[PDB]
Amino acid sequence: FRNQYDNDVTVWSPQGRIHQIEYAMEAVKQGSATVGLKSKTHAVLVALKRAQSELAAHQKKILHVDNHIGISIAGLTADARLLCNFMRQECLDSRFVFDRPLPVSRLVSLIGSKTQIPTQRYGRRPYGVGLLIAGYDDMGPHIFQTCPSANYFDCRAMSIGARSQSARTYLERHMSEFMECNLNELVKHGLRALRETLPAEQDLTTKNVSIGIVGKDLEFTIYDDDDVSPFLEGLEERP
Amino acid sequence: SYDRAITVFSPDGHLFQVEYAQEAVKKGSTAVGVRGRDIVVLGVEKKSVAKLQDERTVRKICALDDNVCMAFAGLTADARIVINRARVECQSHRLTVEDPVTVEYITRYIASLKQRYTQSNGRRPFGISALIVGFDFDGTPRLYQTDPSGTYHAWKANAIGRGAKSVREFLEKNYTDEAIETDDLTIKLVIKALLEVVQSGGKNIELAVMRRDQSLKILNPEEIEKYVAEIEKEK
Amino acid sequence: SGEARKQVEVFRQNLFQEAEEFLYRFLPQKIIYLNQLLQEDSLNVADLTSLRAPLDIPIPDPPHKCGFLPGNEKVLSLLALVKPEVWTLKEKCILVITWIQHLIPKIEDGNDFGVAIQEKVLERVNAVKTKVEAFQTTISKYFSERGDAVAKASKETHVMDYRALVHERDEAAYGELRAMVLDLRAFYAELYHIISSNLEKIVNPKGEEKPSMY
Amino acid sequence: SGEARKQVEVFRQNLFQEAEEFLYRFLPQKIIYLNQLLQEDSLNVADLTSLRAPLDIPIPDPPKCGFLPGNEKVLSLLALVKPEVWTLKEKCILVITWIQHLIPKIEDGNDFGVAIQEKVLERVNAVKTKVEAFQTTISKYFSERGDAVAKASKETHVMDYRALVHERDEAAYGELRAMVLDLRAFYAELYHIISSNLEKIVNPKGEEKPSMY
Amino acid sequence: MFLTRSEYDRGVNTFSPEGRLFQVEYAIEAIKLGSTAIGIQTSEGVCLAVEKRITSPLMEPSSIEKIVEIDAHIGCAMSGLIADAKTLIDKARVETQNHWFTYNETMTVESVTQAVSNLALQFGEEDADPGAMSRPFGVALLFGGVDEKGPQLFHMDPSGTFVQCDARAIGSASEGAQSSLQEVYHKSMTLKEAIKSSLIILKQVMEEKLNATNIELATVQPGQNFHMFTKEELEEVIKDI
Amino acid sequence: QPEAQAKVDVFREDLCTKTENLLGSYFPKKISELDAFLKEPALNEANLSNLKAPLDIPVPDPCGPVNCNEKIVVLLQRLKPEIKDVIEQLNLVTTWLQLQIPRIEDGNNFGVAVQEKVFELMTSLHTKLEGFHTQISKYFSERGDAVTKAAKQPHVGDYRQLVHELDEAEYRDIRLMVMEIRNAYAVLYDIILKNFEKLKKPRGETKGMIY
Amino acid sequence: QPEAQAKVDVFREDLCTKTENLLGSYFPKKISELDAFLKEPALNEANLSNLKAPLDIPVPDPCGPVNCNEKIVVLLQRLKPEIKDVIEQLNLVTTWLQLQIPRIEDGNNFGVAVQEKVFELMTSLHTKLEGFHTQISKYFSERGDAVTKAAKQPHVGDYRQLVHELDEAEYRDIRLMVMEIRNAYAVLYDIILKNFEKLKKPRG
Amino acid sequence: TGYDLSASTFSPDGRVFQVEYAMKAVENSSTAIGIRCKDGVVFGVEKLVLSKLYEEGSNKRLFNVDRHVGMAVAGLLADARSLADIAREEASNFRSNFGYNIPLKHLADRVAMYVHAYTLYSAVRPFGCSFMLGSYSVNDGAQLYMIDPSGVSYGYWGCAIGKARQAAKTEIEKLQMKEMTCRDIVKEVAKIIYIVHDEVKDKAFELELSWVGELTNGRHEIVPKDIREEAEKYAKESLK
Amino acid sequence: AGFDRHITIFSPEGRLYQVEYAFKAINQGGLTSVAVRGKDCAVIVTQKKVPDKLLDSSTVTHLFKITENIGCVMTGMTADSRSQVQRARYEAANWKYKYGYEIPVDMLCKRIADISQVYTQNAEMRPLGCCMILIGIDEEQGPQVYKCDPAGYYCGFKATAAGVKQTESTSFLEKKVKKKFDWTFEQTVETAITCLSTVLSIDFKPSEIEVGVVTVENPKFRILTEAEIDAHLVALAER
């Protein structure tokens, strides 16, 4: 049967696996894909937004935590809104207390600690949002992904979301080129990688793509529907 | 499956425990309210004397405050808690805003208390539906009804409790501006309607009227006898 | 292949149109026709003695193969009216089962309530199928049983219980046919009611995709 | 007496070795050989008319039968199938004994492996019943054909009885073909379940009490 | 072949194999139990319309209140459980007022939706506060108002997600009404056309024949504040249909 | 052994290819073939009395070869291959799903469950078709026994009727089997196609490492 | 009653003593014997055609005693004693375990549960071995019926084949039973030995 | 059987299965080894590279719990990072109140008690991480301590955690570590890490090595890349 | 059933099965501990099994010092044992602080035992599965040996044992007390070692046994050094 061992985060399975945490991890797959890549001078997040209906506007997939840090959500939007608020307050706190932009890595550690507590204690469900966090700090451009499981990873590039393996595949092959890339080239590489996730009939449009760029001189900026047009125009056609 | 906890929502989005509490109200004694132009009349059936039981203790119709009166159908004990809590609020509003509570404010307060009970597991919804009758500062008569769910609606006339469906049909047909024209006529309409559902005659109906500034008056059994007689004679 | 989906989709669409039509036309018409067959005096015979059919076997008395002993004609004409009906119902019931089976949705962890409505309706359609199939078996059983009794009664002319058995077997079929025409009529009726009452859930089990929470 | 455990343990090690050889040798070889019998022209005859075999019973005409032989084509094919049916049955039994010998001491927890073994046992049991039945059908075919022929000869007039003998033969041919795919599929399904889950099947529980207690 | 086991549906705070959090999904289904409400946002203003669903003639029509004013600039049409709506309309009314007190300005429609949404998100037991409903809220609100960016209509769902919608229908006939809305909506339509179009769609979806009593209609054109068409005004528009 | 690895690999490749052919090509075509077959008049006979075949058995106050009902034997010839084919295809689909079941693990049971559930319906179709096969065998034996009984006892009229009834019943049943065979074919496609992603890849893509 | 207490105690002492003998000494010995028997050539005959034995029924263009297949009967003579021995030994273990089952109490049930699980398996072997016994009985009746049918109806060639087939099947079945009997004895040692502490002392 | 569902429950035979189930979690993780030699303690972790995309020198499984002590973890990483935080907090407190660097034996005990608490209550699951702590202080000496999910803490001359724990222990056993010096051990740890790694099952690994000892002046520190590179070469050559 | 599975529920025959299950856990450890009280000395001996050569022998001990003059041997789950020792050490100090004199051994067992009853009566926690035997010298009553079990029973014994062979060990000790000869320090230690050895059939070497003694002449609990253990062991073999 094995229906048992899956009811709560507090029950270890006979083989060492906490099933609810794994089930939570599945939530990220349900969400629309997002791709994050880094260059020696800039970090970029690109997202494929989805719309309930033609009349409805596309959802926000990229959110600004701070001038130096921004996140893209894949998964339940609610968990993301809650985590983002925690992150924003933690960043605001550092500026008031130490007058320094919070090191991006430190923030991810804090998101991990908050995220882990639901996993070990009966009660709150594990957060089911998967987050890609991008920021430029003194150490440099940084791209980190956070699983619904609290584990976090530092990545040269990553795509989280539905059909994200295809994007990871493109990113791995063209990865070396990214480090020395110019900003236009880096966003262009990313837009192509998310294109792979899209169904063959669908095409990247100004409406479904959101680009967020943070860099030594650029505060995190989410280029949106009409401002993605410069980055999108240079792109070619589906392979 | 989806009926054991108030918090759980059924596939199809029905919260079953709240609906079940509404079933409890149906098991309770009938109550009818008619909003006459100058009088609001609230009438409730009395189950039985039991011979050895004093009737003063059992009172379905109660006055929340000078201008607001309430009748209830449902678990009797819950009503006593809600009635008491409403009375504290009526007096507390008078303390806070110096002004007598409007009928609707009391209805909203009573409703919120009930909703609060439905919202969290660990508390059972109060199994009472109430008819709150009152006259506002403008002096317009107002009749409102509340349900275990916490929905409040204003009804020109309504019946809650067992047989409510039958009386409400009777009221829909019988109620007219002409019927509410005379204060006696209004009392007659409620008595006639309760008669439809009451197994016995006038012996089993307790009725009360609140006039524009007068306090709630529970009609004496004799006064009820006179009214039933006029109705029976006219029949 | 999209083309393979298309070929099944063509069949699925045809079944839907037939099911809708069968529900709004054949099922109501059949209820009326069957009620008439029941109303007819032929299936309403007051005395079973009239159904008794001649068994021309000579009895043994103190001082050859019997002449042809025909089947109870009255029962046979009734059987001839019933046999088409048993098959129309079986086929129409089968059309409905396929319609529901096709409509069942992709298996999912939850929101499987619509599937449940489909399952309970299928359980009724299955129960009806077994009962109706049995009716067809009974017709053959009667012929074999009546035949065996006729054979035994001629072979041992002395035993009269065998003669009674033939009369009883005929009596039972008349009684059974009356019940069977009643059941087919009832079955069309129950099927129409379960499907009509629960049509929405059966047609669209899981409903509109949940607005994005993702 | 430890002597008894040794005898069983020697039996277990023999069974373990036999199973490993069967999985990596007898099982793969049989899968290829059976597919060849399946793709052999004999089991793929397009027109069943070829299978029809002579029935020497005189038709009744207006004014005892000679020896009636079995359909040789079916008999030759059956003669090939009977060894194959038995070899699968024998091998299935050896595998079942090995899983059974490897089930561990019953305990309240750490029973995931025991459950894997039970899932595998469920499949082996399903296969055993199906394969045993194949053996039964072979015998039934001869008996049913034999009675049918007897009935046809005893009552020459009935012609459906003659059709029945022919129909029984056609079915056996269709069944033999289905049986060979089934045996091949069975060897294959067994190889896949045992191979995929061998680690857990061999060592279901392992040691989970360390310094905790 | 039916696998209807479920068993992960009951109890929020449980993720189904496939990570679907079914209780929240079921709550979204509840809004279908509610009366249909349709909102069209046009440059001239945002119009909101709802079906009252009056059970008995004796019930006073005014009391049913499926369109309410959060503040002069923003109004809300709600479909779903009436009671949980009352709490959400209240958080909104306090938050608009709190913004006036703290910042002496009028909240944009989007911020007000974010504010009510934040309350809705709390159903997950996100906070340790005792006074938070465990169940996801069962109401969907369409919030329409004239702000700095001009007429805007945002739709909120029991999940707590909110999005701007040029036209949306929430309720029993939302599927189908939305389809019709898609065909009729053109960005250029004036509010007068939208009011007529929305009422045409409602007449089709509603079981009862449209009458001034059965419908509630409101508009928030940029110069004017939230306005609820009175029976006389409603009679004029329905007559045009 | 390498020969072993290759031998298993060939079987695995062929099975996966054959299933794609059955689902992509054979199943759509079969539905069409059956659909034309059912539309054809041979299995659309309004009056079963027409199906009746003359019995020459003499009526009492010497029996010639009593032929079978040609109309039914003709229909059987068309139906019998179909019953066997659907059985073969059901064996193929069961092995295909079985070879796609992952190594047992505590988690990711959904999908392994969908696979097992799909197997159950398919095994059930297999049982229903073997049940149909049994019915076909019974027709020849029962009609034959009936004819024999009628011949042995010319006096019993009912036995003569039984022969006609068994024949009339078979045509009706045989038409139903064809309709059912089409249904089984279509449902198999719907069950697999609708739930294909889980059936083909039950565990799902690798998703990070908690450990 | 004191004499009765001696009578019951003596049965209890004997049951416990006999069981240790079966597991400690008889079961190892039987597994060796069954191993020796399977190795022997009579039950390892590659060509089942050799097993086929002549039927003298005259072919149709008066039948003498048609003897039974000596090879099968010879094998049955070796197999049938073994089948019976295990059925008896299984009773000894089934009774022994039941005596070890303790007074029913609300808890500490695991142990009673282990005893029940082992009991179910031993009972399951009993059903299989009884099934083997039924099969042995059927062969004699079925083979006789087939020879009789063939002799009664010489015209039918299939009946002659059926007799040959029944014999072939029996040899295979008997061979399998020897293998199953060995396995059934061996599994019994594994279940009882592995769970012996709980079976002997379920409560703890 | 409902005995295994919670840690509050005890099985009829006396075993708390949920703790044992948690111990199985560590076996899922990759092997990590710590060897204590006379000069100091060297820890090594084979960190599987799941994807080329992940940055090197990240996803670290070796954490510094205080200036003088280092922690190597195996098991669910999330719990480990959280346990590391508990340890760091405990170390800070010992310095804040008692005014000196925490003795490692005490640190292990305090963290173990925290880990054990989870074992008793039913609200919280046992932690799924097994970790090793090591420190060198001139007064205390070199100390390696390993904590199981149960909360059992013991001092190990050499220790291994993770999927290949049994295999690694056999290799570690033939080392005569007490006599050996810290620099030599780093090569040896690598040899063992390479031997245990299964190339077929695990595509590739990056060895992360850390050490504390007289050479590091009692500060746990990541081994300098020159030393690590030399060791990785020694290991491949030995693997032959 | 279901009568077991929660400590709070009582069986239909009032047996609180979960507490009984805990006593089983002490045995699961596989180690036995014997304590014997002499005229002037109290000794606790326990079997020390080191599973791996790598483990440092010094770290593994079941003998702990609750206070300078009270010593305890805890048998059962190792982790639970350490937890109880800390509570005992805290309780022992808290007595000195509040009452100004060293806790009497009986009172330490009583406090520790009473804590165990709370676990036995409250639903969330599990009875700790360990048994603690305390040895101390009280000036008024001479040497004292007390055992507290997971139930909360706190009896004091002239001699006692805990672990897998407790029943056998008790029988051996019972025979020796019945033939009372009184016990000198040497005899008290010798009796303990002979008992553990005979029940286990081990024929112990100095490394396998840990022996702790409290004497009136030197009241402080001391864990004997391997050499000291060897001396007693050698004498036992010699005679």
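Using Swiss-Prot numbers, chain I covers 7-245, in order.
So how was this one determined? The header says electron microscopy, 2.9 Å.
Keep in mind that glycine also has a Cβ here, set from the backbone N, Cα and C atoms.
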Open item on the list: Tell me which residue from I:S63, I:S89, I:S213 Swiss-Prot records as phosphoserine.
Closed with: I:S63
TODO: Of the residues I:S39, I:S64, I:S87, give the one that Swiss-Prot describes as phosphoserine.
DONE: I:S64
TODO: Going by Swiss-Prot, point out which residue in I:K45, I:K102, I:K116, I:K164 is annotated as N6-acetyllysine.
DONE: I:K102
- [ ] Could you let me know which of I:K30, I:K104 shows up in Swiss-Prot as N6-acetyllysine?
- [x] I:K104
- [ ] Could you check the modified residues I:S17, I:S63, I:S64, I:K104 and tell me which sit with their Cβ under 8 Å of a chain G Cβ?
- [x] I:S17
- [ ] Would you mind reading off the Cα separation of I:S63 (phosphoserine) from I:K104 (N6-acetyllysine), to the nearest angstrom?
- [x] 37
Open item on the list: With DSSP assignments reduced to helix, strand and coil, which class does I:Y159 (phosphotyrosine) get?
Closed with: coil
Open item on the list: With Cβ-Cβ distance below 8 Å and at least 6 positions apart along the chain, what are the contacts of I:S17 (phosphoserine)? List them in sequence order.
Closed with: I:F9, I:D10, I:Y23
Task: I:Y159 (phosphotyrosine) and I:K104 (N6-acetyllysine), Cα-Cα, nearest whole angstrom - done: 25
Task: I:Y159 (phosphotyrosine), number of other Cβ atoms within 10 Å - done: 13
Task: Around the Cβ of I:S63 (phosphoserine), the count of other Cβ atoms that are within 10 Å - done: 15
- [ ] Taking chain H as the partner, extract the modified residues from I:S63, I:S64, I:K102, I:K104, I:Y159 whose Cβ is under 8 Å from a partner Cβ; order them by sequence and answer 'none' if none remain.
- [x] I:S64
Open item on the list: Rank the modified residues I:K102, I:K104 by how many other Cβ atoms lie within 10 Å of each Cβ and give me the one with the fewest.
Closed with: I:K104
TODO: Whole-number Å only: compute the distance from the Cα of I:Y159 (phosphotyrosine) to the Cα of I:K102 (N6-acetyllysine).
DONE: 24
- [ ] Would you mind reading off the Cα separation of I:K102 (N6-acetyllysine) from I:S64 (phosphoserine), to the nearest angstrom?
- [x] 30
- [ ] Ten-angstrom check, please: count other Cβ atoms within 10 Å of the Cβ of I:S64 (phosphoserine), all chains counted.
- [x] 8
Task: DSSP state at I:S64 (phosphoserine), helix/strand/coil - done: coil
Open item on the list: Given the modified residues I:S17, I:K102, I:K104, which pass a C-beta cutoff of under 8 Å against chain B? Sequence order please.
Closed with: none
